[PDB]
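# sequence plus experimental coordinates follow:
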Amino acid sequence: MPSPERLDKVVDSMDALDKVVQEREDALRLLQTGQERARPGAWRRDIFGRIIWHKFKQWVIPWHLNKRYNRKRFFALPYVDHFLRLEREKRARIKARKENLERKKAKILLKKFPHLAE
Amino acid sequence: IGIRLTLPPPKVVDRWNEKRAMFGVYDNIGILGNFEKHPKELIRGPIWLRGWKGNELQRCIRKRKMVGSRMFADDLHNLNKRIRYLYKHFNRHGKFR
Amino acid sequence: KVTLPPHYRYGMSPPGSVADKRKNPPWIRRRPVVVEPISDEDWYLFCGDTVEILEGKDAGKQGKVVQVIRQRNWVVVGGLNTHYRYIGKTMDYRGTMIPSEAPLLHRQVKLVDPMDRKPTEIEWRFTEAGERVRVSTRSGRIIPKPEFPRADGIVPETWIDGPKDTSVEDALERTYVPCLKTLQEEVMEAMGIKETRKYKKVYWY
Amino acid sequence: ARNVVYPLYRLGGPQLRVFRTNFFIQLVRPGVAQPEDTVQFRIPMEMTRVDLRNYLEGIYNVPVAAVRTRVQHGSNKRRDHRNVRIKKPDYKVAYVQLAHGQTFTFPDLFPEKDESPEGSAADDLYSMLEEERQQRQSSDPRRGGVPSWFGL
Amino acid sequence: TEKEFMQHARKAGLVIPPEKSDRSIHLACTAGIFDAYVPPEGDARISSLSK
Amino acid sequence: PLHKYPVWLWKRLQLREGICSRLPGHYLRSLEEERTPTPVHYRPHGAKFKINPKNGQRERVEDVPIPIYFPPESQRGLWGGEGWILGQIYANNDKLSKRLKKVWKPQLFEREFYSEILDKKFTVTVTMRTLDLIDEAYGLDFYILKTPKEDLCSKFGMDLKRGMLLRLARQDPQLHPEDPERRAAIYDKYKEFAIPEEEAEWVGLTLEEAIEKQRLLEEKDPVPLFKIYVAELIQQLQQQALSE
Amino acid sequence: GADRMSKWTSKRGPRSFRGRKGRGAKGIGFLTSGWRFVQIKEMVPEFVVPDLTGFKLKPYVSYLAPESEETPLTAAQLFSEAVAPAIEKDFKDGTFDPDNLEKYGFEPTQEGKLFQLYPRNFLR
RNA sequence: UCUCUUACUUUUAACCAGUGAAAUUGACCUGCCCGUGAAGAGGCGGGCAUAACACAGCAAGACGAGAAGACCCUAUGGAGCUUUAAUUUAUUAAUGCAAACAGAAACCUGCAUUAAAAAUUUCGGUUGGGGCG
RNA sequence: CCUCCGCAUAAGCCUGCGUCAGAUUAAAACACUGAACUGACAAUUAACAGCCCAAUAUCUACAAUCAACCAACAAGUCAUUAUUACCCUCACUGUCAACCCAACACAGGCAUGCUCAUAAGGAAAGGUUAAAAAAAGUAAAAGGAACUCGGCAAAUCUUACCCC
RNA sequence: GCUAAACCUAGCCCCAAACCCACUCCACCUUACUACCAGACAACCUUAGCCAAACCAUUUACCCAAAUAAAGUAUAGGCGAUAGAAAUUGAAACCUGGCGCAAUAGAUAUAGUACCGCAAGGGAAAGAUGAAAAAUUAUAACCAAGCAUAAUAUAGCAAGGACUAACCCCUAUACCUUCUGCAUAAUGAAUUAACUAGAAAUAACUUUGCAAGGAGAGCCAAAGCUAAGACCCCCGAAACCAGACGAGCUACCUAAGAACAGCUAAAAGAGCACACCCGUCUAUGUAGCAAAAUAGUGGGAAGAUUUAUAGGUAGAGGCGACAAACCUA
Ligand SMILES: [K+]
Ligand SMILES: [K+]
Ligand SMILES: [Mg+2]
Ligand SMILES: [Mg+2]
Ligand SMILES: [Mg+2]
Ligand SMILES: [Mg+2]
Ligand SMILES: [Mg+2]
Ligand SMILES: [Mg+2]
Ligand SMILES: [Mg+2]
Ligand SMILES: [Mg+2]
Ligand SMILES: [Mg+2]
Ligand SMILES: [Mg+2]
Ligand SMILES: [Mg+2]
Ligand SMILES: [Mg+2]
Ligand SMILES: [Mg+2]
Ligand SMILES: [Mg+2]
Ligand SMILES: [Mg+2]
Ligand SMILES: [Mg+2]
Ligand SMILES: [Mg+2]
Ligand SMILES: [Mg+2]
Ligand SMILES: [Mg+2]
Ligand SMILES: [Mg+2]
Ligand SMILES: [Mg+2]
Ligand SMILES: [Mg+2]
Ligand SMILES: [Mg+2]
Ligand SMILES: [Mg+2]
Ligand SMILES: [Mg+2]
Ligand SMILES: [Mg+2]
Ligand SMILES: [Mg+2]
Ligand SMILES: [Mg+2]
Ligand SMILES: [Mg+2]
Ligand SMILES: [Mg+2]
Ligand SMILES: [Mg+2]
Ligand SMILES: [Mg+2]
Ligand SMILES: [Mg+2]
Ligand SMILES: [Mg+2]
Ligand SMILES: [Mg+2]
Ligand SMILES: [Mg+2]
């Protein structure tokens, strides 16, 4: 391509233009309504027991009449409690490894560079 | 094959670092401190091993009744199986009766 | 975009070049070189700043810095600590020998005071205006950051507007007047589009 | 627009209007012979032929008569060093026929004459290699491999 | 049985380093003489004639 | 590694943060309580020490409650704390015989009762224990109010307590609106169970129902920043005029 | 032998599967009896393209421009620049009341507006 | 088909060129006879024979190779199945009583008795080829 | 010279013998243009097909088989009206290939519509020699089951009987 | 001198401390990752068995919220294998560590990816120059088996005694394991490298301390008591139980479809005979083309037929023109 950087400049310009227009609308929405999100939503447990942010959709009939919406379950049954602990402990092992590994790097790094301590 | 062709990197050990020059200090805290402290209280490590000694089965049994409620589900299940196996090994297998 | 392995080793060739791909294929895994941690604020070596070589083949010689690598704390000086390699070699031609510079660690170079061309240590301080500057430990004098050409290479002092370049008088003119209307509402007023039909309420869930 | 929530429409509702569109089309040269009025574009999946018809007339003021689109599958055969299949993204190819009998031919964006520099260009590194290569000569067979540097 | 050789090297040009780089090659000597000198014919005879 | 807290303490840790910590203080105390229910399917010892006939020594004795299984159908009636007993038995009452599974179920009756506070008749499923306890309490309304939560063992029974307590607190005229004298007479018979309406509104609710109830009290559309900034601007302008 | 780790698209499956699965394009109508598709004009997004004649701005900006610091817009900054001068002027005059908030520009409700703010009923 | 086989073509085969497996393998510089031996010897004893060496055939030997083979026996090792093996009726069904009712009954529940259909577990050793221990 | 194959659809598969370039170089041989390998680029354009149906009541005894005879049982594969509501219109998706399931470029498995021998699709022989043994096929004097557990194979195109 | 061999990091393990993550846009319970229509659909229910009792049938340890001590005591128990308290006593507590691992190790992890299986599920392998690759004129020598350099000369567990001399002479029945006894024609081993198998202190003994007392609460003591040292392996079943996943093969069923030339006959679970289905006999093949095929010969081929598609029945079971058949080789 003759000038590949030209595309990057326009894409940066397009994203900057989109940020400015979006920011102005967001500032006005907080003034008139105070809502921080332009799309309605709520925090609901899924079938897997984890807290998720469910983004609402547009419907013509109320939710108590929707055939397809009512099949979707937003509650966790008791048998998911054990799996939640298992997944939490899995992250704890991952978190522990990261914390312990960083300390190992520092201890080794002072052996070859003692001036770091001094 | 199976043996290195070069010498290992040289290792220099500081015989007078902070830890070695102060190793064994306060081991006579009870004798020289009017028995206010005990040398076993200077042990640092697992809460179920400070000032206590036993075989593998006794360590597993003691660990389960002290930190068993804090262990992970996988670790707790492994500990329970280890106790079951060690119970069968020591009380049913061996050369002497 | 940028695709760097977790233990990618930076070298003289910039990342993403054709030579870098051959030198560092995505599958290879080498021992990560130990790098002394240096804060970005603590770093005091910049391009275009003359430094003296403390250790090397030719120590005590001062040369301008053309490139710096923060990842490995590397300093490149033109005309100093350079080996010789054949460039443009083919099957029939032996090649042309050119001097190729070698990187220098930050501890292998030492900044020199502008007044006295001697090695010295510098410490970061502040001026009266509040701008951060570096002050030498001995014979404290201000050493400003030398001017260096930009990465892209555009010279603002030799810049001519093109056919699709906004003029400065139009890129700085303020046309925005704050109000309580969205862009969608404002455009219809300017364009003149009228929509008398109303939007019926819907259910969100 | 893509990656946006389209407001739902009900009977007698307001006209759906888009003021800023994120659709980007690129004109491509057809790989096979096509009619003169036929023009080929690459459009995002979220774009339809009805949107494309209003896209060209709305923005470029290009009258279009017939629009036909097809979805092209991207080959997933490529595998990397980890034996993981590399997926080439699928793209939608749109064929546009001009309305008022206009004929469109894809221009040559890289003319050979323009590529050749009429003005003199003298690279510093290139000059060093060229001059030394021409000055240096092949070893004379009659010299039998004896170095020619020595004048003795 | 799916293992293969690591044949993935391709030939690249060493004529020019990667472009759009601030660093440039520093050269100490020129390629050729700026103005070629042609010694006068018969200088060998003048070698004997030192005066 | 190890968890900071034991697993059985995580339930009470969830009451320290989130919407649970914002629940009323009196309601939170009722959940943490683990009061022992009244024995039903076993006879308590009655004493703390007894003399073992074998060795003639004063040994300590403890009452070990028998686990009770309450079917979900028991939450729509007043079983009096009875329920299914899931246990084992020995054939022919011989320890050397094989062990078999045995389930004991209470005898259920769909009796009808009348509540004076609510002025309504209910057709509920009850056992003989509930019938006896109501007679010992001298009325259904007394039985509901006197019996604690761990002894009622019925979600519907807890809802009746909440309904009755609100009428004893609000002094609701809906109870015989045409009989002012009769209305006061009923409320003077249950005056000993008066509870403030603030605390009587959370009685019997489960943890899940309390969370939703508290969420509704905290649910409101956010105030627009325009209204907030108007107060800030005027307040600053008022102080500005004072300096002038 | 099926590749379960591949993106499921409309190109896979029998005729019923291929016709029901799409690519993400929003519908612009509905199917009537006899499989006859009815297109709604109001469901087709109509592009509001302005006139670009005599437009000062250009896609690029000349390098001879100041490096002004970035000042992201906020609700408080927008309120002070637009609404505050109107309120301050009326406050000095002495005729100010909360009832006239709609006069300053405040919108108590978003209903009855072509462009609602929450939830928004317009495209980008 | 045979007395009684024979001829020919094709594939295979063998040779030249290309590509290139598998079971197998303690180490072998790997002979015959007689004898001996854990009872069937290339290896021990006594005789005989014996330059090295590849290719093509053959199938007597290497108790040839291939799945701890089939076949009998062993185990206080398993499982299926059958039953007048032992241990049970939890469960199911039918009655009885208590309970609970109306004024009689049913449903339900508890405790029993009958079966039904199942559940758990085991199959003592010694001796005896034509027996009825 | 073969063709018991072919073409298309359905299902399945998912770019998998199109172009260009390659230090290229292993598809069970070959290979420079080498290429069923790698990189890059190109592509299959809807009329066919898929994706349908405003509500409430009310309607639908008499097969099919050339449906006309006849003859059945196994008794069958196809229908609306009334009133109200209703007038915007051609979107979306599938479209390639020598292809799929059998660990393989596997002598196997594989639905329907046409062609019933092709107008389509192919190649049994790497070269040589013409030993044994082995597989397949053909021919045979005189005899014709003498072979063998047995007319098994092969030739031929047979008769009669018993058991179940 | 080839193949190779070496080369230290990635990262991990065990503790301590501290209570952890989860809204860029869009999509995602229908066939998930699919903008957009009238629903009613609901969670809760003793674990069992292996195993030990040398069978087995009652029984047989499983954190339940303070270490130690009371104490393996009271009790429980085919009073037997074994199980087992309480009153009471009261504890210190400083995260930033290692007589942990170093690419067959340490997590499986370069990754739950490649790959395998319909699914549940199983589950890898490997990397190595240098300050500089913008020094490849590069990261020199030597090292397993395997080869090459360099085929072989009577005779024999291949060696030993020897010898001027390789052989020739003389002497010599491989190893391990299992058995009374193996050169045994009994087991295992082609070979190289790495990995791979004896854990417990009651008593007694030995060596110190103190001593009618010993011990840093409890416990023992008629020379004992305290402390240390020093004794108790690896691989392999067929099974059993619990909870899941499977009827895309097959067994049968349901829904709505499709196929069956020609001839003879008659309104046939008829005859001959293609497609099609089936697999009688023989041969080839036997790590094959094929974890059941090829060639020829056969049975049926308008029906209790064949077949595509979707759905159903799931192991204490299904299903079955009962073959103990079939339910993913
Ligand atoms: K043989
Ligand atoms: K395919
Ligand atoms: Mg299309
Ligand atoms: Mg050959
Ligand atoms: Mg092999
Ligand atoms: Mg020999
Ligand atoms: Mg012999
Ligand atoms: Mg002999
Ligand atoms: Mg031979
Ligand atoms: Mg043979
Ligand atoms: Mg025995
Ligand atoms: Mg049992
Ligand atoms: Mg159509
Ligand atoms: Mg040949
Ligand atoms: Mg003849
Ligand atoms: Mg004979
Ligand atoms: Mg005969
Ligand atoms: Mg005969
Ligand atoms: Mg025959
Ligand atoms: Mg729709
Ligand atoms: Mg709809
Ligand atoms: Mg046992
Ligand atoms: Mg047994
Ligand atoms: Mg590993
Ligand atoms: Mg060697
Ligand atoms: Mg000899
Ligand atoms: Mg089961
Ligand atoms: Mg089926
Ligand atoms: Mg016919
Ligand atoms: Mg027939
Ligand atoms: Mg059949
Ligand atoms: Mg037969
Ligand atoms: Mg067949
Ligand atoms: Mg027939
Ligand atoms: Mg099914
Ligand atoms: Mg059948
Ligand atoms: Mg039978
Ligand atoms: Mg049988």
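Received it, and whenever you're ready, just let me know what you need. Numbering: from 1, shown residues only, chains lettered A, B, ... in the order given. Ligands and ions are numbered 1, 2, ... in the order given.

# could you pull out the helices in the chain for me?
You didn't pick a chain, so chain A it is. A:5-32, A:67-71, A:80-112 (DSSP state H).

# can you look at chain G instead?
Under DSSP H, chain G gives helices at G:15-20, G:75-93, G:101-104.

# any chance of a markdown table for these, columns mean neighbour count and distance to residue F:23?
For every residue, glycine as well, the C-beta is placed using N, CA and C. Output for the helices of chain G, formatted as a markdown table (neighbours: other Cβ atoms under 10 Å in any protein chain shown; distance: least, Cβ to Cβ, whole Å):
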| stretch | mean neighbour count | distance to residue F:23 |
| --- | --- | --- |
| helix G:15-20 | 10 | 48 |
| helix G:75-93 | 16 | 33 |
| helix G:101-104 | 13 | 37 |
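
# out of the ones you listed, nearest to RNA strand J?
With Cβ to the nearest atom of the strand as the measure, helix G:15-20 is the member of the helices of chain G nearest RNA strand J (3.3 Å).

# what's the separation between residue G:118 and residue F:241?
In this view, residue G:118 and residue F:241 are 36 Å apart by Cβ to Cβ, to the nearest Å.

# between these two, which is the more surrounded one?
Counted by other Cβ atoms under 10 Å in any protein chain shown, residue G:118 and residue F:241 do not tie: residue G:118 has more neighbours, with 20 against 10.

# surely the more buried one and residue G:109 touch.
No: applying Cβ atoms under 8 Å, one finds residue G:118 not in contact with residue G:109, separated by 10.9 Å.

# picking up where we left off before, to chain G, which of the helices of chain A lies closest?
Each of those has some distance to chain G by Cβ to the nearest Cβ; the shortest is helix A:5-32, at 4.2 Å.

# quick check: buried residues in the closest one?
Residues of helix A:5-32 classed as buried by neighbour count (16 or more other Cβ atoms under 10 Å in any protein chain shown): A:24, A:25, A:26, A:27, A:28, A:29, A:30, A:31, A:32.

# could I get those residues as JSON lines with distance to RNA strand H?
What follows is the buried residues of helix A:5-32, written out as JSON lines (distance: Cβ to the nearest atom of the strand, whole Å):
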{"residue": "A:24", "distance to RNA strand H": "70"}
{"residue": "A:25", "distance to RNA strand H": "66"}
{"residue": "A:26", "distance to RNA strand H": "64"}
{"residue": "A:27", "distance to RNA strand H": "68"}
{"residue": "A:28", "distance to RNA strand H": "67"}
{"residue": "A:29", "distance to RNA strand H": "62"}
{"residue": "A:30", "distance to RNA strand H": "63"}
{"residue": "A:31", "distance to RNA strand H": "66"}
{"residue": "A:32", "distance to RNA strand H": "63"}
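
# just curious, which of the residues you listed is nearest to chain C?
Nearest to chain C among those, counting by Cβ to the nearest Cβ, is residue A:25 at 5.6 Å.

# look up the closest residue to the closest one, ignoring the ones flanking it.
Excluding the flanking residues, the one nearest residue A:25 by Cβ to Cβ, 6 or more residues apart in numbering or on different chains is residue C:182, at 5.6 Å.

# what about the one you found, neighbour count?
Neighbours of residue C:182 (other Cβ under 10 Å): 19.

# list the contacts for it?
A:24, A:25, A:28, G:115, G:117 (Cβ atoms under 8 Å, 6 or more residues apart in numbering or on different chains).

# the first one reaches residue C:183, doesn't it?
Yep, that's residue A:24 we're talking about. Yes: judged on Cβ under 8 Å, residue A:24 makes contact with residue C:183 at a distance of 7.1 Å.

# any buried residues in the helix or strand harbouring residue F:228, and which?
Using DSSP states H and E, residue F:228 sits in helix F:225-243. Within helix F:225-243, the residues scored as buried using 16+ other Cβ under 10 Å are F:225, F:226, F:229, F:230, F:233, F:237.

# ok so, going back, the helices of chain G into JSON lines, with extra columns for distance to RNA strand H?
As requested, the helices of chain G are exported to JSON lines (distance: least, Cβ to the nearest atom of the strand, whole Å):
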{"stretch": "helix G:15-20", "distance to RNA strand H": "43"}
{"stretch": "helix G:75-93", "distance to RNA strand H": "66"}
{"stretch": "helix G:101-104", "distance to RNA strand H": "67"}
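
# go through these and name the closest to chain A.
Nearest to chain A, of the helices of chain G and by Cβ to the nearest Cβ, is helix G:75-93 at 4.2 Å.

# follow-up on the earlier one: quick one: closest of the helices of chain A to residue D:76.
helix A:5-32 (26.6 Å; Cβ to Cβ).

# from the chain's centroid, how far away is the closest one?
How far helix A:5-32 lies from its chain's middle: 21 Å, per Cα atoms, centre = their mean, to the nearest Å.

# ok, now stretch F:83-96?
32 Å.

# what lies in contact with that stretch?
By Cβ under 8 Å, 6+ apart, stretch F:83-96 touches F:41, F:66-71, F:74, F:97-106, F:153.

# can you do 6 Å?
For stretch F:83-96, contacts defined as Cβ atoms under 6 Å, 6 or more residues apart in numbering or on different chains pick out F:68, F:69, F:70, F:97, F:98, F:99, F:100, F:102, F:103, F:104, F:105.
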